[PDB]
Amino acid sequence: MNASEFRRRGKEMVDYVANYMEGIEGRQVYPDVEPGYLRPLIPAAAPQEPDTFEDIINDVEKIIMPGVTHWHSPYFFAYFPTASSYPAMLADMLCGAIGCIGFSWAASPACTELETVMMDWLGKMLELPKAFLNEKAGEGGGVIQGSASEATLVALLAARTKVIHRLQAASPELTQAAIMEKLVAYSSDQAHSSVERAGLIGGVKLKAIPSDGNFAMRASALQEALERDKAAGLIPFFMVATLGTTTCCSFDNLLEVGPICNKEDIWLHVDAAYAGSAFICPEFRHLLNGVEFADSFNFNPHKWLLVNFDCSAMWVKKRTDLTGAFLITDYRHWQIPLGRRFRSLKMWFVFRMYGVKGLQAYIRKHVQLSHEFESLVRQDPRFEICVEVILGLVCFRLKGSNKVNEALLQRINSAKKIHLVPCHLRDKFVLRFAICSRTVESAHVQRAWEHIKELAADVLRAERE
């Protein structure tokens, strides 16, 4: 394929993408296929001679789309939003066209320099402490990571290297392994599974801090764990505090946990993968208070800031600590892989084509829609809200047994009109309602609640009986 043919097919793909987005409300949000549906529908071997673009696009509609879960359907209310905007799509096309692998400054200077400036743009939009920004010769700085899960692993590896060096400085005869079986990392009992995966990769123990009634990490529970583990010979070295937990969008108390981590010499990493995008709005910035005590901070523009995956933004106070784990000219020692693509183009395009006010309006509309769903639930005494509604998530359930709530969820996902997922809060089975699609409106939320209300009546009938 040459560029002349790409001129034709590329514009045809633009129309196909726009057609799919304009009719996405006509798609069943969750598929009806079963595992293994795809292999019988395509050949067992690659074609020796080429297929036509018409044949391929037909297969996308006939064979791929039936097995697609439409994350950007307005009726997708599962997990958390993922980003989809046309400015990011346009930058992605340019990113693949330039096609550089910026493992070094020389590999493409703009690939590294634009990223550093965009991380300062974003840091200033969130009003981060100046110690996190790279501008003005500061020792801190920011990098794009592939994911928040990778960002958490990177912070743990930097913390592990730092504590090993400190411990061996105090005791030069101490081996890295003898240190290894004493290190312990901490996170909330509401922490994302990325923390457990990072502890396993890094080869250190991980313990969960019990959350309070609001599912937040507090000073008293942390001090109680430190007292026990330090007496047992464990060495606390790393902490993941979460702002906007995956379970119920709760918030660990940084003003309490921060000073404790500092005095204990515990590397404090803040996981705000979903909630972080809201901190560009002044009415939510107070939820970030205490980040000045953190050693690293991370959130996902590819969740709630319209920058298509992959784009996770991570800042650190000391870049030298980051480079220990394997003005800013190179990002090799900031990430797990060595290669990387021109991902900052997506941030640049999104920030410029929306503006700060356009992004703020997008956040506030989603939070407003969240409170609209919460208001509907609060009008039905058969239901209860389990956690305070702050951002684009509502955790609710039928009053009574978990069995009746497991049955309501099964009916919802069986009808395949809307899609949501549950969680477990202590021993309580809880349903989640997450505002996800960029194009979701009040009408979609209202229809979703009517569907939930109807199915709950059928479920409540079947259990009394």
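Just so we're on the same page, rigid core means the largest C-alpha set that superposes within 1.5 Å between forms. From 1 onward, residues are counted along the sequence shown.
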Comparing against the shown form in 4 other deposited structures of this protein, which stretch has the larger RMS C-alpha deviation after a rigid core superposition, 55 to 63 or 425 to 433? 55 to 63
Rigid core fitted first, then name the stretch among 40 to 48 and 65 to 73 whose C-alphas deviate most from the displayed form in 4 other deposited structures of this protein. 40 to 48
Would you say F373 is commonly dropped, meaning unmodelled in a third or more of the other compared entries that have residues on each side of it? no
Hey, does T329 drop out of the model in a third or more of the other PDB entries compared here? yes
If the chain runs straight from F326 to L327, say none; otherwise bin the unmodelled deposited residues as 1 to 3, 4 to 9, or 10 or more. 10 or more
361 to 369 or 335 to 343, whichever carries the higher mean Cα B-factor: 335 to 343
Mean Cα B factor from the PDB record: higher for 200 to 208, or higher for 85 to 93? 200 to 208
Which one of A78, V307, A178, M118 shows the biggest C-alpha B-factor in the PDB entry? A178
Based on what the PDB entry reports, which of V240, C395, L167, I266 has the top C-alpha B-factor? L167
Among modelled residues of the same chain, the CA temperature factor third for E12: middle
How does the C-alpha B factor of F284 compare with the rest of the chain: lowest, middle or highest third? middle
Cα B factor band for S414 (lowest, middle or highest third within the chain): highest
Grab the CA temperature factor for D59 from the record and place it in the lowest, middle or highest third of its chain. lowest
Is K162 in the lowest, middle or highest third of its chain when residues are ranked by C-alpha B-factor? highest
